[PDB]
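Everything on this sheet refers to the single structure shown next.
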Amino acid sequence: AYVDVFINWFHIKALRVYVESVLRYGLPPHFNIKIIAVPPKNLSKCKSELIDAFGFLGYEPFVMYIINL
Amino acid sequence: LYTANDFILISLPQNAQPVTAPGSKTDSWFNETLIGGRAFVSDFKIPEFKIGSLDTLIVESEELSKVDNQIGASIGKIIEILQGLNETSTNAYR
Amino acid sequence: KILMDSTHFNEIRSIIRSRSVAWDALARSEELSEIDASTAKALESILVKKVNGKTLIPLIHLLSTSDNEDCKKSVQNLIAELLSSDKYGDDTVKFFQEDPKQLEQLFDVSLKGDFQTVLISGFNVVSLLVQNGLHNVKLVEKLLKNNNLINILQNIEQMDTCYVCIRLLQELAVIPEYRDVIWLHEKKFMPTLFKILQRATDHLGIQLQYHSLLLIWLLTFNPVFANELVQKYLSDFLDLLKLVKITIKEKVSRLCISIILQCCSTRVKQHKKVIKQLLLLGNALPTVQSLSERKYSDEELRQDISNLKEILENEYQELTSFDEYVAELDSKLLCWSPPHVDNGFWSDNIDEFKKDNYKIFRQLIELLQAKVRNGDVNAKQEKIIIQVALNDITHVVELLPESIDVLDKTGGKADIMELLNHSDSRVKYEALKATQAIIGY
Amino acid sequence: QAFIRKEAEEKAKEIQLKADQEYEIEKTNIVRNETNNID
Amino acid sequence: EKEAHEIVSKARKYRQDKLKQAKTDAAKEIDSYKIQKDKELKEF
């Protein structure tokens, strides 16, 4: 289950990311869906930098998700 | 363990440059210009799917958010259950 | 010629006509007979500037005797104009059918002189070969043997010349004799078509891609030819399948779908095996599923997509996760596939991994050793492949630990230990996990 | 404007060419089965 | 403008007629097959 439920959760996360991208940037999405694994000691700084960078798309206007697993 | 204990998903449009560093590319964004220097940062190859109606898209997004919350709670419970048994961190029982 | 409708072909014809010279000057320079030169000049004036009619044979004879590059270009331009003219061309075609020597002279003039002149001469030769009476297997073989024509077709820089050659070959491919000639010359034709398809997958380019797709479909119309091409160009077939979804043109997508279906048609030898191999290695099933969900402007394209989706579903009906893992191991590539992530596959197929004296484990160890040898590049794809291989090895070691001794004997344990020096953080974590699975906790 | 019509004709030509190839194959298969019975 | 669309429909109709000609080729093959049977009967 720790593998199957995790895989299903990641599939749901990907589908939600695609839905958010098509809702925000329109159809087609053409969004650079990327996963960033920030080090634990700089999670807050990475989040702040991402928020600052997402301002050009104007919760932040850009589709952003936080996962701790 | 793994390289990092946290993951950040970004779905910014490809045609939009980062606000902090205008004119920067995806590599520059992944670098110190718009990141802290994450080694495992890579693109997620989400597959294509039917678009549907805009209202249908919004309903699907709400349902996906609810499902994500529920399955995150379920995964947390499963992780707690697995950590509650000492045999989880071994090769026992094949 | 039919291929002359292309913009590149029209530009080549215009360039050739710009270099044309009057036949009167050739007659004055004793390069041709006065009567033949006058007839050629009258024909040129009537066509593009009074048709010569039966006087085309002496004009062609004088052109063959005329060794001047300008005279040859003018003759080629006049022949092309006569072929394009509604009134002209029929007499020349009849003369070529009655006299094969004129066809031989036209073929000899093809792929000679300037690029525009060579293109015009080749177009004239193709138009002559378009007639059923003048068509000949020997003429097609001689045209295929032309090294200059092959170089022009394969010339990536000469986009116009390559497109014109591709269009001419596609137009000629309708003739079964020309189809057999193309089958014989496949050894040189296939790399050029594959390169063109790869460049397209990365206007004149659209027309060239359409001509290449039409030629591929014509070649795949025959079952033996399609079966031979599929085996020799499996990577090209996968690239074409990917470009079918990548391309947005309805005609190009329909042509690619038809080409894929012809290769997957039951008339081809080992059709089921070829279809299964394509669906496994090239991930054809998800692409066909996406195409079915997609929309196209051509009903024939929709029917071809439906047929391809049905074939892919039939192939994947008997597929299995263990089969996918075996195919990935055979391909010596890995990108963290769900079989390598879901514990179900790594648990059910664990027993099969140790089968045949742990053949799967030995193959994985060899792949890991090869990646370690090639790990100096530290490429992102290479790093991902190395991480996937390390995860697979760790899984196959933790489950059914009887293979630990085999891995140690084969040197896989030593390679895994040495891989801990890799600078990649993911590679370092994978090496630490492997070491923990070895003796650690 | 006329380019679209010309392009459509080229696509139809491929369809006609494909139909001709299919017709010859079907005719050969039908003839071969009948010839074997006659033989 | 609309002339190109009309020509496209006419071109598509031409392909359908050529597609319909496949049945004629099969019927012609049957007549060709009967010729071989007649030739074989002559040999007999």
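Residue names in the structure tokens use chain letters A, B, ... in the order shown, residue numbers from 1 in each chain, and ligand numbers from 1 in the order shown.
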
- Counting only C-alpha atoms, chain A residues within 7 Å of chain B, as a PyMOL selection string: chain A and resi 2+5-6+9+12-14+16-17+19-21+25+30-40+46+49-50+52-56+62-69

Dump N, CA and C atoms for the selected residues as a compact mmCIF listing (two decimals), in the first residue's frame?
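Result file selection12.txt:
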```txt
# COMPACT_ATOMS: atom_id res chain seq x y z
N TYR A 2 1.96 1.26 0.75
CA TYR A 2 2.82 2.44 0.77
C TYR A 2 3.35 2.79 -0.61
N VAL A 5 -0.76 3.33 -2.96
CA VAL A 5 -1.47 4.55 -2.60
C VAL A 5 -0.62 5.77 -2.90
N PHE A 6 0.70 5.67 -2.73
CA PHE A 6 1.57 6.78 -3.08
C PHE A 6 1.55 7.04 -4.58
N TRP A 9 -1.69 8.67 -5.38
CA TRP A 9 -1.65 10.05 -4.91
C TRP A 9 -0.86 10.93 -5.87
N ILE A 12 -2.98 11.59 -8.89
CA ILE A 12 -3.96 12.64 -8.58
C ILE A 12 -3.29 14.00 -8.56
N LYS A 13 -2.09 14.09 -7.99
CA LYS A 13 -1.37 15.36 -7.96
C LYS A 13 -1.04 15.83 -9.37
N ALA A 14 -0.62 14.92 -10.25
CA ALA A 14 -0.33 15.30 -11.63
C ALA A 14 -1.58 15.76 -12.36
N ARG A 16 -4.28 17.06 -11.00
CA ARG A 16 -4.65 18.36 -10.45
C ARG A 16 -3.73 19.46 -10.97
N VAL A 17 -2.44 19.15 -11.12
CA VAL A 17 -1.51 20.13 -11.67
C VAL A 17 -1.88 20.48 -13.11
N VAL A 19 -4.88 20.22 -14.46
CA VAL A 19 -6.13 20.97 -14.43
C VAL A 19 -5.88 22.42 -14.05
N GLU A 20 -5.05 22.65 -13.03
CA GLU A 20 -4.72 24.01 -12.63
C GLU A 20 -4.00 24.76 -13.75
N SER A 21 -3.08 24.08 -14.44
CA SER A 21 -2.35 24.72 -15.52
C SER A 21 -3.27 25.12 -16.66
N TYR A 25 -3.40 29.10 -17.48
CA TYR A 25 -2.78 29.53 -18.73
C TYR A 25 -3.64 29.26 -19.96
N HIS A 30 0.62 24.06 -22.23
CA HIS A 30 2.00 24.37 -22.61
C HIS A 30 2.82 24.82 -21.41
N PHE A 31 2.47 24.32 -20.23
CA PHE A 31 3.15 24.71 -19.01
C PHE A 31 4.34 23.80 -18.74
N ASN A 32 5.46 24.40 -18.32
CA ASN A 32 6.67 23.65 -18.01
C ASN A 32 6.52 23.01 -16.63
N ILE A 33 5.77 21.91 -16.60
CA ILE A 33 5.55 21.19 -15.35
C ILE A 33 6.88 20.63 -14.87
N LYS A 34 7.37 21.16 -13.76
CA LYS A 34 8.66 20.76 -13.21
C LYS A 34 8.51 20.47 -11.73
N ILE A 35 9.29 19.51 -11.25
CA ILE A 35 9.31 19.12 -9.84
C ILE A 35 10.65 19.52 -9.26
N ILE A 36 10.62 20.31 -8.19
CA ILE A 36 11.83 20.82 -7.55
C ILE A 36 11.93 20.20 -6.16
N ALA A 37 13.06 19.55 -5.89
CA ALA A 37 13.31 18.93 -4.59
C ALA A 37 14.30 19.79 -3.82
N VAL A 38 13.77 20.79 -3.13
CA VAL A 38 14.58 21.72 -2.35
C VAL A 38 15.18 20.99 -1.16
N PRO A 39 16.40 21.33 -0.73
CA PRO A 39 16.95 20.71 0.46
C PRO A 39 16.16 21.11 1.69
N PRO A 40 16.14 20.26 2.73
CA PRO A 40 15.32 20.58 3.91
C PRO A 40 15.73 21.87 4.61
N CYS A 46 13.50 28.56 -0.77
CA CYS A 46 13.08 28.11 -2.10
C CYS A 46 11.64 28.50 -2.38
N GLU A 49 11.57 32.22 -3.12
CA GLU A 49 12.08 32.49 -4.46
C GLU A 49 11.07 32.10 -5.53
N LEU A 50 10.40 30.96 -5.34
CA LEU A 50 9.37 30.54 -6.29
C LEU A 50 8.21 31.53 -6.31
N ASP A 52 8.38 34.73 -5.59
CA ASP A 52 8.86 35.93 -6.27
C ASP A 52 8.90 35.74 -7.78
N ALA A 53 9.34 34.56 -8.24
CA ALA A 53 9.42 34.31 -9.68
C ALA A 53 8.04 34.17 -10.31
N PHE A 54 7.06 33.66 -9.55
CA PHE A 54 5.72 33.46 -10.08
C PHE A 54 4.95 34.76 -10.28
N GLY A 55 5.47 35.89 -9.80
CA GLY A 55 4.76 37.15 -9.92
C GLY A 55 4.54 37.61 -11.34
N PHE A 56 5.36 37.14 -12.28
CA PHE A 56 5.19 37.53 -13.68
C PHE A 56 3.89 36.99 -14.28
N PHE A 62 0.65 31.72 -10.54
CA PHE A 62 1.20 30.52 -11.15
C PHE A 62 0.80 29.28 -10.35
N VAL A 63 0.64 28.17 -11.05
CA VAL A 63 0.25 26.92 -10.41
C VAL A 63 1.43 26.41 -9.59
N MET A 64 1.27 26.37 -8.27
CA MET A 64 2.31 25.92 -7.36
C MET A 64 1.71 24.96 -6.35
N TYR A 65 2.45 23.89 -6.06
CA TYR A 65 2.02 22.88 -5.11
C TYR A 65 3.15 22.56 -4.14
N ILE A 66 2.78 22.25 -2.90
CA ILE A 66 3.74 21.92 -1.86
C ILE A 66 3.46 20.49 -1.41
N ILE A 67 4.48 19.63 -1.50
CA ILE A 67 4.38 18.24 -1.09
C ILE A 67 5.53 17.94 -0.14
N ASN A 68 5.21 17.33 1.00
CA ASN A 68 6.21 17.00 2.02
C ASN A 68 6.45 15.50 2.13
N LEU A 69 6.06 14.73 1.11
CA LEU A 69 6.25 13.29 1.13
C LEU A 69 7.12 12.83 -0.04
```

Given only C-alpha atoms, how would the per-residue table for chain C near chain B read, listing every residue at most 7 Å away with its closest atom pair and distance in Å to one decimal, sorted by chain and number, as a Markdown table?
```
| residue | atom | partner | partner_atom | distance |
| --- | --- | --- | --- | --- |
| C:293 | CA | B:50 | CA | 6.9 |
| C:398 | CA | B:91 | CA | 6.0 |
| C:399 | CA | B:94 | CA | 5.7 |
| C:425 | CA | B:3 | CA | 6.2 |
| C:426 | CA | B:3 | CA | 6.0 |
| C:429 | CA | B:2 | CA | 5.8 |
```

Taking 3 positions as the minimum chain separation for residues in the same chain, which residues sit within 7 Å of residue 31 (chain D) when counting only C-alpha atoms? Answer as a short mmCIF file (atom, residue, chain, number, x, y, z; two decimals) with N, CA and C atoms, in the first residue's frame.
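Listed below is the output, result.cif:
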```
data_model
loop_
_atom_site.label_atom_id
_atom_site.label_comp_id
_atom_site.auth_asym_id
_atom_site.auth_seq_id
_atom_site.Cartn_x
_atom_site.Cartn_y
_atom_site.Cartn_z
N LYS D 27 -7.74 -8.07 -55.78
CA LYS D 27 -7.96 -8.84 -57.00
C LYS D 27 -7.01 -10.02 -57.10
N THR D 28 -5.74 -9.81 -56.75
CA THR D 28 -4.77 -10.90 -56.80
C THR D 28 -5.13 -12.00 -55.82
N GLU D 34 -9.25 -18.62 -56.53
CA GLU D 34 -10.00 -19.27 -57.60
C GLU D 34 -9.09 -20.12 -58.47
N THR D 35 -7.88 -19.63 -58.75
CA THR D 35 -6.95 -20.38 -59.59
C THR D 35 -6.56 -21.70 -58.94
N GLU E 29 -11.37 -9.40 -61.77
CA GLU E 29 -10.51 -10.53 -61.43
C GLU E 29 -11.26 -11.85 -61.57
N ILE E 30 -12.55 -11.86 -61.22
CA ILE E 30 -13.35 -13.07 -61.37
C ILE E 30 -13.44 -13.47 -62.83
N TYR E 33 -10.15 -14.79 -63.67
CA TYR E 33 -10.03 -16.14 -63.12
C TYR E 33 -10.75 -17.15 -64.01
#
```

- Task: For residue 30 (chain D), list every protein, DNA or RNA residue within 12 Å, evaluated using only C-alpha atoms, and leave out those in the same chain fewer than 4 positions away; present the list as number ranges by chain.
- Result: D: 23-26, 34-37; E: 23, 25-34

Generate the output file for the selected residues, N, CA, C and O atoms, as a PDB file, in the first residue's frame.
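Written file, selection05.pdb:
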```
ATOM      1  N   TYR D  23      -6.985  -2.316 -54.441  1.00  0.00           N
ATOM      2  CA  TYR D  23      -7.772  -3.053 -55.425  1.00  0.00           C
ATOM      3  C   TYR D  23      -6.946  -4.146 -56.092  1.00  0.00           C
ATOM      4  O   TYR D  23      -7.431  -5.264 -56.295  1.00  0.00           O
ATOM      5  N   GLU D  24      -5.695  -3.838 -56.444  1.00  0.00           N
ATOM      6  CA  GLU D  24      -4.838  -4.839 -57.075  1.00  0.00           C
ATOM      7  C   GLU D  24      -4.549  -5.995 -56.126  1.00  0.00           C
ATOM      8  O   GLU D  24      -4.552  -7.161 -56.538  1.00  0.00           O
ATOM      9  N   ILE D  25      -4.292  -5.691 -54.852  1.00  0.00           N
ATOM     10  CA  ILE D  25      -4.017  -6.742 -53.878  1.00  0.00           C
ATOM     11  C   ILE D  25      -5.245  -7.620 -53.675  1.00  0.00           C
ATOM     12  O   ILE D  25      -5.142  -8.852 -53.633  1.00  0.00           O
ATOM     13  N   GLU D  26      -6.422  -7.004 -53.541  1.00  0.00           N
ATOM     14  CA  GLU D  26      -7.644  -7.779 -53.361  1.00  0.00           C
ATOM     15  C   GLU D  26      -7.944  -8.631 -54.587  1.00  0.00           C
ATOM     16  O   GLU D  26      -8.363  -9.788 -54.463  1.00  0.00           O
ATOM     17  N   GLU D  34      -9.253 -18.617 -56.526  1.00  0.00           N
ATOM     18  CA  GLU D  34      -9.999 -19.267 -57.598  1.00  0.00           C
ATOM     19  C   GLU D  34      -9.086 -20.118 -58.472  1.00  0.00           C
ATOM     20  O   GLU D  34      -9.471 -21.214 -58.898  1.00  0.00           O
ATOM     21  N   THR D  35      -7.876 -19.629 -58.753  1.00  0.00           N
ATOM     22  CA  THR D  35      -6.949 -20.381 -59.592  1.00  0.00           C
ATOM     23  C   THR D  35      -6.561 -21.702 -58.941  1.00  0.00           C
ATOM     24  O   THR D  35      -6.445 -22.727 -59.621  1.00  0.00           O
ATOM     25  N   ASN D  36      -6.351 -21.694 -57.622  1.00  0.00           N
ATOM     26  CA  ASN D  36      -6.021 -22.930 -56.919  1.00  0.00           C
ATOM     27  C   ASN D  36      -7.150 -23.946 -57.038  1.00  0.00           C
ATOM     28  O   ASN D  36      -6.902 -25.138 -57.255  1.00  0.00           O
ATOM     29  N   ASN D  37      -8.397 -23.494 -56.894  1.00  0.00           N
ATOM     30  CA  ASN D  37      -9.533 -24.391 -57.083  1.00  0.00           C
ATOM     31  C   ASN D  37      -9.596 -24.901 -58.517  1.00  0.00           C
ATOM     32  O   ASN D  37      -9.855 -26.087 -58.752  1.00  0.00           O
TER      33      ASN D  37
ATOM     34  N   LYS E  23     -14.253  -2.642 -56.075  1.00  0.00           N
ATOM     35  CA  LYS E  23     -15.184  -3.738 -56.319  1.00  0.00           C
ATOM     36  C   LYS E  23     -15.191  -4.136 -57.790  1.00  0.00           C
ATOM     37  O   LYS E  23     -15.307  -5.322 -58.120  1.00  0.00           O
ATOM     38  N   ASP E  25     -12.620  -3.937 -59.806  1.00  0.00           N
ATOM     39  CA  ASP E  25     -11.400  -4.709 -60.017  1.00  0.00           C
ATOM     40  C   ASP E  25     -11.568  -6.145 -59.535  1.00  0.00           C
ATOM     41  O   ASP E  25     -11.102  -7.085 -60.189  1.00  0.00           O
ATOM     42  N   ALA E  26     -12.226  -6.331 -58.388  1.00  0.00           N
ATOM     43  CA  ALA E  26     -12.493  -7.680 -57.900  1.00  0.00           C
ATOM     44  C   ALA E  26     -13.401  -8.441 -58.858  1.00  0.00           C
ATOM     45  O   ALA E  26     -13.181  -9.629 -59.122  1.00  0.00           O
ATOM     46  N   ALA E  27     -14.432  -7.774 -59.382  1.00  0.00           N
ATOM     47  CA  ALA E  27     -15.294  -8.407 -60.374  1.00  0.00           C
ATOM     48  C   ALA E  27     -14.519  -8.735 -61.644  1.00  0.00           C
ATOM     49  O   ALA E  27     -14.711  -9.802 -62.239  1.00  0.00           O
ATOM     50  N   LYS E  28     -13.640  -7.827 -62.073  1.00  0.00           N
ATOM     51  CA  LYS E  28     -12.809  -8.094 -63.244  1.00  0.00           C
ATOM     52  C   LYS E  28     -11.872  -9.269 -62.996  1.00  0.00           C
ATOM     53  O   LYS E  28     -11.595 -10.056 -63.909  1.00  0.00           O
ATOM     54  N   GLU E  29     -11.370  -9.400 -61.765  1.00  0.00           N
ATOM     55  CA  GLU E  29     -10.510 -10.531 -61.432  1.00  0.00           C
ATOM     56  C   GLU E  29     -11.259 -11.850 -61.567  1.00  0.00           C
ATOM     57  O   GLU E  29     -10.679 -12.862 -61.981  1.00  0.00           O
ATOM     58  N   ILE E  30     -12.547 -11.860 -61.216  1.00  0.00           N
ATOM     59  CA  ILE E  30     -13.350 -13.071 -61.367  1.00  0.00           C
ATOM     60  C   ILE E  30     -13.438 -13.469 -62.833  1.00  0.00           C
ATOM     61  O   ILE E  30     -13.318 -14.650 -63.181  1.00  0.00           O
ATOM     62  N   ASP E  31     -13.654 -12.491 -63.717  1.00  0.00           N
ATOM     63  CA  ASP E  31     -13.639 -12.774 -65.149  1.00  0.00           C
ATOM     64  C   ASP E  31     -12.264 -13.251 -65.597  1.00  0.00           C
ATOM     65  O   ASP E  31     -12.153 -14.176 -66.410  1.00  0.00           O
ATOM     66  N   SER E  32     -11.203 -12.625 -65.081  1.00  0.00           N
ATOM     67  CA  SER E  32      -9.853 -13.083 -65.388  1.00  0.00           C
ATOM     68  C   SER E  32      -9.618 -14.491 -64.857  1.00  0.00           C
ATOM     69  O   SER E  32      -8.958 -15.308 -65.509  1.00  0.00           O
ATOM     70  N   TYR E  33     -10.147 -14.790 -63.667  1.00  0.00           N
ATOM     71  CA  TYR E  33     -10.030 -16.138 -63.123  1.00  0.00           C
ATOM     72  C   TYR E  33     -10.747 -17.152 -64.006  1.00  0.00           C
ATOM     73  O   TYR E  33     -10.246 -18.261 -64.223  1.00  0.00           O
ATOM     74  N   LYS E  34     -11.924 -16.789 -64.521  1.00  0.00           N
ATOM     75  CA  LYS E  34     -12.650 -17.686 -65.414  1.00  0.00           C
ATOM     76  C   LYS E  34     -11.873 -17.949 -66.697  1.00  0.00           C
ATOM     77  O   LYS E  34     -12.002 -19.027 -67.291  1.00  0.00           O
TER      78      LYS E  34
END
```

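Using only C-alpha atoms, we find that the part of chain C lying within 12 Å of chain A comprises residues 337, 338, 339, 340, 341, 342, 343, 344, 345, 346, 347, 425 and 426 of chain C.
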
Output of the above residues as a PDB file, in the first residue's frame, restricted to N, CA, C and O atoms:
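Final file, again_20.pdb:
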```
ATOM      1  N   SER C 337      10.475   3.499 -14.604  1.00  0.00           N
ATOM      2  CA  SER C 337       9.176   3.032 -15.054  1.00  0.00           C
ATOM      3  C   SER C 337       8.330   2.578 -13.864  1.00  0.00           C
ATOM      4  O   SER C 337       8.866   2.186 -12.824  1.00  0.00           O
ATOM      5  N   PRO C 338       7.008   2.634 -13.989  1.00  0.00           N
ATOM      6  CA  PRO C 338       6.131   2.214 -12.885  1.00  0.00           C
ATOM      7  C   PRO C 338       6.353   0.770 -12.458  1.00  0.00           C
ATOM      8  O   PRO C 338       6.171   0.458 -11.272  1.00  0.00           O
ATOM      9  N   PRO C 339       6.732  -0.153 -13.357  1.00  0.00           N
ATOM     10  CA  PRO C 339       7.150  -1.475 -12.859  1.00  0.00           C
ATOM     11  C   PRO C 339       8.326  -1.413 -11.904  1.00  0.00           C
ATOM     12  O   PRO C 339       8.407  -2.236 -10.983  1.00  0.00           O
ATOM     13  N   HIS C 340       9.241  -0.465 -12.092  1.00  0.00           N
ATOM     14  CA  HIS C 340      10.346  -0.281 -11.161  1.00  0.00           C
ATOM     15  C   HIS C 340       9.950   0.517  -9.928  1.00  0.00           C
ATOM     16  O   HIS C 340      10.767   0.657  -9.012  1.00  0.00           O
ATOM     17  N   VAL C 341       8.727   1.043  -9.882  1.00  0.00           N
ATOM     18  CA  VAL C 341       8.248   1.818  -8.750  1.00  0.00           C
ATOM     19  C   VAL C 341       7.182   1.066  -7.964  1.00  0.00           C
ATOM     20  O   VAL C 341       7.205   1.063  -6.732  1.00  0.00           O
ATOM     21  N   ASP C 342       6.240   0.428  -8.653  1.00  0.00           N
ATOM     22  CA  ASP C 342       5.190  -0.314  -7.969  1.00  0.00           C
ATOM     23  C   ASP C 342       5.748  -1.616  -7.412  1.00  0.00           C
ATOM     24  O   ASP C 342       6.364  -2.402  -8.137  1.00  0.00           O
ATOM     25  N   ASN C 343       5.526  -1.847  -6.116  1.00  0.00           N
ATOM     26  CA  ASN C 343       6.047  -3.047  -5.474  1.00  0.00           C
ATOM     27  C   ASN C 343       5.391  -4.316  -5.997  1.00  0.00           C
ATOM     28  O   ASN C 343       5.958  -5.401  -5.831  1.00  0.00           O
ATOM     29  N   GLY C 344       4.220  -4.208  -6.626  1.00  0.00           N
ATOM     30  CA  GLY C 344       3.545  -5.398  -7.116  1.00  0.00           C
ATOM     31  C   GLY C 344       4.345  -6.125  -8.180  1.00  0.00           C
ATOM     32  O   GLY C 344       4.495  -7.348  -8.135  1.00  0.00           O
ATOM     33  N   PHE C 345       4.868  -5.379  -9.156  1.00  0.00           N
ATOM     34  CA  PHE C 345       5.660  -5.998 -10.213  1.00  0.00           C
ATOM     35  C   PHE C 345       6.967  -6.553  -9.664  1.00  0.00           C
ATOM     36  O   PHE C 345       7.352  -7.687  -9.974  1.00  0.00           O
ATOM     37  N   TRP C 346       7.659  -5.771  -8.832  1.00  0.00           N
ATOM     38  CA  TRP C 346       8.923  -6.209  -8.255  1.00  0.00           C
ATOM     39  C   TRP C 346       8.751  -7.335  -7.247  1.00  0.00           C
ATOM     40  O   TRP C 346       9.751  -7.936  -6.841  1.00  0.00           O
ATOM     41  N   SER C 347       7.521  -7.629  -6.826  1.00  0.00           N
ATOM     42  CA  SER C 347       7.265  -8.769  -5.956  1.00  0.00           C
ATOM     43  C   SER C 347       6.844 -10.000  -6.751  1.00  0.00           C
ATOM     44  O   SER C 347       7.338 -11.103  -6.498  1.00  0.00           O
ATOM     45  N   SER C 425      23.774  13.695  -6.644  1.00  0.00           N
ATOM     46  CA  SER C 425      23.150  13.472  -5.344  1.00  0.00           C
ATOM     47  C   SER C 425      22.215  12.270  -5.379  1.00  0.00           C
ATOM     48  O   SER C 425      22.200  11.457  -4.447  1.00  0.00           O
ATOM     49  N   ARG C 426      21.421  12.143  -6.447  1.00  0.00           N
ATOM     50  CA  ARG C 426      20.542  10.987  -6.578  1.00  0.00           C
ATOM     51  C   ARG C 426      21.346   9.698  -6.686  1.00  0.00           C
ATOM     52  O   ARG C 426      20.984   8.677  -6.088  1.00  0.00           O
TER      53      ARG C 426
END
```

Could you give me, as a PDB file with N, CA, C and O atoms, in the first residue's frame, each residue of chain B that DSSP assigns to strand (DSSP E or B) when run on this structure's backbone?
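The file below, result02.pdb, is the result:
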```
ATOM      1  N   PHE B   7       9.253  18.235  -1.816  1.00  0.00           N
ATOM      2  CA  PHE B   7       9.181  18.415  -3.258  1.00  0.00           C
ATOM      3  C   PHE B   7       8.256  19.579  -3.577  1.00  0.00           C
ATOM      4  O   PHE B   7       7.231  19.767  -2.916  1.00  0.00           O
ATOM      5  N   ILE B   8       8.624  20.357  -4.592  1.00  0.00           N
ATOM      6  CA  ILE B   8       7.849  21.510  -5.034  1.00  0.00           C
ATOM      7  C   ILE B   8       7.500  21.314  -6.501  1.00  0.00           C
ATOM      8  O   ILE B   8       8.385  21.063  -7.327  1.00  0.00           O
ATOM      9  N   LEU B   9       6.215  21.428  -6.822  1.00  0.00           N
ATOM     10  CA  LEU B   9       5.722  21.279  -8.184  1.00  0.00           C
ATOM     11  C   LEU B   9       5.336  22.646  -8.729  1.00  0.00           C
ATOM     12  O   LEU B   9       4.578  23.383  -8.090  1.00  0.00           O
ATOM     13  N   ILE B  10       5.857  22.980  -9.908  1.00  0.00           N
ATOM     14  CA  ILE B  10       5.600  24.260 -10.555  1.00  0.00           C
ATOM     15  C   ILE B  10       5.094  23.989 -11.962  1.00  0.00           C
ATOM     16  O   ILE B  10       5.675  23.176 -12.689  1.00  0.00           O
ATOM     17  N   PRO B  13       3.739  28.697 -17.191  1.00  0.00           N
ATOM     18  CA  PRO B  13       3.766  28.629 -18.656  1.00  0.00           C
ATOM     19  C   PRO B  13       5.186  28.741 -19.189  1.00  0.00           C
ATOM     20  O   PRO B  13       6.018  29.471 -18.646  1.00  0.00           O
ATOM     21  N   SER B  42      13.717  18.438 -11.821  1.00  0.00           N
ATOM     22  CA  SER B  42      13.518  17.941 -13.174  1.00  0.00           C
ATOM     23  C   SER B  42      12.054  18.105 -13.558  1.00  0.00           C
ATOM     24  O   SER B  42      11.173  18.215 -12.701  1.00  0.00           O
ATOM     25  N   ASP B  43      11.807  18.117 -14.865  1.00  0.00           N
ATOM     26  CA  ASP B  43      10.458  18.307 -15.377  1.00  0.00           C
ATOM     27  C   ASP B  43       9.614  17.055 -15.175  1.00  0.00           C
ATOM     28  O   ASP B  43      10.110  15.926 -15.221  1.00  0.00           O
TER      29      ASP B  43
END
```

With only C-alpha atoms counted and 12 Å as the cut-off, give the residues of chain C in contact with chain E, each with its shortest interatomic distance in Å and the pair that gives it, as JSON lines.
```
{"residue": "C:298", "atom": "CA", "partner": "E:12", "partner_atom": "CA", "distance": 10.5}
{"residue": "C:299", "atom": "CA", "partner": "E:12", "partner_atom": "CA", "distance": 10.7}
{"residue": "C:300", "atom": "CA", "partner": "E:12", "partner_atom": "CA", "distance": 10.9}
```

- Message: When you count only C-alpha atoms, which of these residues is closest to chain D: C:137, C:200, C:206, C:63?
- Response: C:206

- Message: So that I can see what lies close to residue 13 (chain D), please list as a ChimeraX atom specification the residues with an atom at most 12 Å from it, counting only C-alpha atoms and leaving out residues fewer than 2 positions away in the same chain.
- Response: /C:2,170-171,174,214 /D:6-11,15-20 /E:8,10-19

- Item | Non-local contacts of residue 44 (chain E) (12 Å; only C-alpha atoms; under 5 positions in same chain excluded) as an NGL selection string | (:D and (38-39)) or (:E and (37-39))

- Query: Which distance in Å separates CA of residue 47 (chain C) and CA of residue 23 (chain C), to one decimal?
  - Reply: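 Taking CA of residue 47 (chain C) as the start and CA of residue 23 (chain C) as the end point, the length is 14.2 Å.
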
- Item | chain D contacts on chain C, only C-alpha atoms, 12 Å, as a ChimeraX atom specification | /C:2-3,5-7,167,170-176,179,203,206-207,210-211,213-215,217-223,249-255,258-259,262,267,298-301

- Item | Residue neighbourhood region 81-88 of chain C, 8 Å, only C-alpha atoms, exclusion window fewer than 3 positions, as a ChimeraX atom specification | /C:1,43-44,47-48,51,53,77-78,91-92,124,127

- Query: Mind pulling up the distance from CA of residue 261 (chain C) to CA of residue 307 (chain C)?
  - Reply: 7.6 Å

- Do you have the CA of residue 149 (chain C)-CA of residue 66 (chain C) distance handy?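 Separation between CA of residue 149 (chain C) and CA of residue 66 (chain C): 21.3 Å.
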
- Test item, alpha helix (DSSP H) assignment across chain B, answer as number ranges by chain: B: 26-30, 54-83
